[PDB]
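FYI, it's all coordinate maths here, none of it is from the lab. Virtual Cβ from ideal backbone geometry, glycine too; neighbours counted across all protein chains shown.
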2 protein chains.
Amino acid sequence: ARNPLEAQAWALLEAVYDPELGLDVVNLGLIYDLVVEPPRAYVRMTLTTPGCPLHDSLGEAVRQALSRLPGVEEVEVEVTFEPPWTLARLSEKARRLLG
Amino acid sequence: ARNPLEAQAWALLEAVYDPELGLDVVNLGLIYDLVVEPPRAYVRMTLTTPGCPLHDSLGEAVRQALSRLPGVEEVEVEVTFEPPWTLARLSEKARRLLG
């Protein structure tokens, strides 16, 4: 799955922003795994707080972002708390202080 | 919080059915904790499968069920995977074989 769509996928996700922290899911370190292999795309991610929300809007935005990739007919977005997220996963870039 | 609303709460939840297993959340062993103390109600529950769903419809139905209790102005429904659910949590009643 080492292809140009992978790089494109990362760019797309960098445009998906978290509701609470105001930063994109990539710099926030919410993306645990990403695999793009047409016709499928898989992403394992987490949320910044424990518990499943009534509407996983962030997960939906991530799915829709990956769907923008050509040839991706199926997107599997798995939201997990293993391991549990903490601010230590923030990027240096997001540590270049927007916070 | 040892009151008659607690018993009423259990009856209400026994009327909320899981989408996949076709059994109510109580007999399925999905309710981990329940505290009813007007004006508040708290419930910690889990789901039969890992991962946070796009729409936690079951959690919503549980919340709405508890809202039927008189004097409950705030309902906190926490969906957790700690500990992780398994069929071993099924009730004898639900083990009186509906499955």
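Quick notes on this one:
- Within segment B:66-94, residues that are in a loop (DSSP other than H, G, I, E, B) sit with their Cβ atoms under 9 Å from residues that are exposed (fewer than 12 other Cβ atoms within 10 Å of the Cβ) and among the hydroxyl-bearing types (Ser, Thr, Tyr), at 6+ positions apart or across chains, in these pairs: B:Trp85/B:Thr49.
- Residue within segment B:28-47 that is in contact (Cβ under 8 Å) with a residue 40 or more places away in the chain, surrounded by fewer than 19 Cβ atoms within 10 Å (Cβ to Cβ), in a strand (DSSP E or B) and in contact with a strand residue (DSSP E or B) (Cβ under 7 Å, 6 or more places away or on another chain) present: yes
- Residues of segment A:14-27 satisfying the condition of being assigned to a strand (DSSP E or B) and either in contact with a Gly (Cβ under 9 Å, 6 or more places away or on another chain) or among the aromatic types (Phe, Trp, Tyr) (or both): A:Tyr17
- The residues of segment A:1-13 that are surrounded by fewer than 17 Cβ atoms within 10 Å (Cβ to Cβ), without any contact (Cβ under 8 Å) to a residue 60 or more places away in the chain and assigned to a helix (DSSP H, G or I), listed by number, are A:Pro4, A:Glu6, A:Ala7, A:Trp10, A:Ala11.
- Scanning segment B:47-99 for residues that are of a type in the set (A, V, I, L, M) and within 14 Å of another protein chain (Cβ to nearest Cβ), we see that the one that is farthest from B:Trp10 (Cα to Cα) is B:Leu54.
- Unmet criterion (only one of (1) of a type in the set (A, V, I, L, M); (2) in contact with a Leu (Cβ under 9 Å, 6 or more places away or on another chain); (3) closer than 18 Å to A:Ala11 by Cβ) for A:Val35: (2)
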